[PDB]
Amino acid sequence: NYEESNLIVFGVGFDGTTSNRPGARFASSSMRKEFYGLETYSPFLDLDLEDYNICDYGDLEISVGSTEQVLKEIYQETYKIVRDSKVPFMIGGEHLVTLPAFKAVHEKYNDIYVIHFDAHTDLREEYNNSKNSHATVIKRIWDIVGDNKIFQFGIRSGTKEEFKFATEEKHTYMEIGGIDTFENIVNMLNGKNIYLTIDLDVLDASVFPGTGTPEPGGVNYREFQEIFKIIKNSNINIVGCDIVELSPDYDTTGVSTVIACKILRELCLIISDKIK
C-alpha cells in the first residue's frame, strides 16, 4: 500500500526518442510476468523483500505521440511521491525518463549528487536533432546541477568530445571502462543525497544483450552486484532511483529480463533497509 511504504516502484514503458532499436517500452511489463517466481531472499545481501513495505504502483499511464507530454507525466508521478516523503523507484524504457524524474527529486533536494552507471556517456548535446534524447540525458542533468555533482561509471562508448567534456573539462567525474572506483566515490559522498540512475547496458553486451545499444567490454553480473554491497555498507542517502534500457525482445534467451528482475530486487532491498 502507498501510505505504508517508503519505496514506490513504478514502470514507465516509454521509448519515444529511440529510432532504430525500439523495445525499452516493454521492460517493466516483461519483468512483471517474471518477477513472480523469483526468490524474495537475497543470499548475497542477506536481506528479504518480505521484511519491508514496498509499494508496486504498476505502470504509469502515459500519452502517445508526444515526448514532451510523456516527460511532464513522469514528472508529475515522481513529484507526488517525492512530495509525500517517499523514494521513487522508476523502471523505465529509454534513459530519457530519468530527466523528469530527476527534476522532481531535485526540486526538493537542491544539493543532490548523481550516480550514473552506463556503457555510454550520454553527454552529447543532441541526438537525431533532439536536445531531449536517451543519449543526451546526462548533459541535460548537468545543465541543472553543474560540475562536481555527476559521477559516471563503466563508460566505454562515445564521441571524443563527450569524453573530453568529462576528462579534460572535468564537468563530471567519469570512470572509463570499469566500476572499480565506486567504493571510493561512495565513501566520499558520505552523508550526501543521491539520485541513482542505472542504464542496464552498463553490463557487458554478451551478458545483457536485451538492450538498445549493446557495447562489448562491460562488466559481468558477479562484478556488478558488488555495487549493491558497497551501497549497503555506505552512508549515502538514495532519494530517487531508476534502472533503464532493458529491451526484452532483443535477448531471445530471456536472461536479460531475469537480470533486470534480480537487480530490481537487490536495489529495493538496499534502499528499503537504509530507510529501515
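Note that residue numbering follows the sequence shown and begins at 1.
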Next on the checklist: Comparing average C-alpha B factors as deposited, tell me which of 74-82 and 124-132 sits higher.
Outcome noted: 124-132
Checklist outcome for this item: Quick note on 265-273 and 1-9: per-entry mean CA temperature factor is higher in 1-9
Checklist outcome for this item: For 165, 151, 195, 89, the deposited C-alpha B-factor is largest at 165
Checklist outcome for this item: Among 65, 218, 43, 212, highest Cα B-factor in the entry goes to 65
Item to check | Where the record places residue 227 (Cα B-factor, split into thirds across the chain) | outcome: middle
Next on the checklist: When the deposited Cα B-factors of this chain's modelled residues are ordered and cut into thirds, is residue 140 in the lowest, the middle or the highest one?
Outcome noted: middle
Item to check | Chain-wide C-alpha B factor ranking for residue 159, given as lowest, middle or highest third | outcome: middle
Next on the checklist: Looking at the temperature factor on the CA atom of residue 116, which third of the chain's modelled residues does it land in?
Outcome noted: lowest
Item to check | Third of the chain, ranked by Cα B-factor, where residue 206 sits | outcome: lowest
